[PDB]
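We begin with a single chain expressed as structure tokens, specifically the form deposited in one PDB entry.
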């Protein structure tokens, strides 16, 4: 087989606590002799389905739940078999996130949402509104700093602002998402993206800023604010910055609405190690000690495991995560999410760079948002012979 029998290969995004996860893997190996190798490939959410479609890849894939319906529909995921006693250990909300066509398709790990992160020494009183950011930036620029830097390459980070005044992905009614009813080019979405583009045109932000650039600037103390998730807190702890984590600014008086993700672990349908993967996930990772090892590396957010309590008091950063999560919406897990995200990525990048107007960018994204992975689609070469055209 392509996937090696008798070991586990696990893929997780490079922003998460892969070192802590590897520690859990080493404990599994110490107890059972089964080697666990953790990797963090680039473009994971795309690499996984490409390799899994050919029966290759990791035994276990970690990503937010929104990608998993597409993976399931394409036959890339094993059926998971947690018993009732195991299911009882995790919050019902988190199982809901990984339920697709009635089946649980992955193990939920933790709830993630973006928050506003700010430097208390530069900015003891962070802005309550998006609208006050230009004036704040002007003052900071005179002091050799800037107001705000965050990743402008992934639409996840701009979505909270696009959604604030009325943008939405897929309409949800009567227990169903309507894939023909998209909210990407409505008045609310246009208002939010226009605000973002104005920030860039007015030199308060730079369209080229990505995750690494924003993190480096915030953690060096060059910018007063950033927008990020729980995984980012570890590096800020290491930094010299005295930081707060708080509610995102409002726009037109309405809350920013981050899309809430549940980090989840799926088992590759091609894996010959499905029972090993179940043992590892249920009995090693989704335990107080397992989650602690990952969380101590990079924070997970609000974990799915009911029993977990490694602190004496609440973590105010988690409280802020939850406040933002409650203001936002849970991502759909439907297969159409990949098309939505590709479309909105294009719109934000093109509007931010000036390649298109906001109206044109969102018009296209609306059209483009409204099975995914099979060998004969995902293979990089041709599958028919040239002779066929004769």
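We call the rigid core whatever largest set of C-alpha positions still superposes within 1.5 Å between the two forms. Residue numbers count along the first chain shown, from 1.
What comes next is about the form deposited in another entry, which is not displayed.
S.K.: Given a rigid core superposition of the two forms, which one of 204, 190, 99, 145 has its CA shift by 2 angstroms or more between the shown form and the other one?
M.R.: That would be 99.
S.K.: Do residue 319 and residue 310 move together or apart in the other entry, judged by C-alpha distance changing 3 Å or more?
M.R.: Distance between the C-alphas of residue 319 and residue 310: shorter in the other entry, by 3 Å or more.
S.K.: Where do residue 14 and residue 116 end up in the other entry, Cα atoms closer or farther than shown, with a change of 3 Å or more?
M.R.: Residues separate in the other entry, at least 3 Å farther apart.
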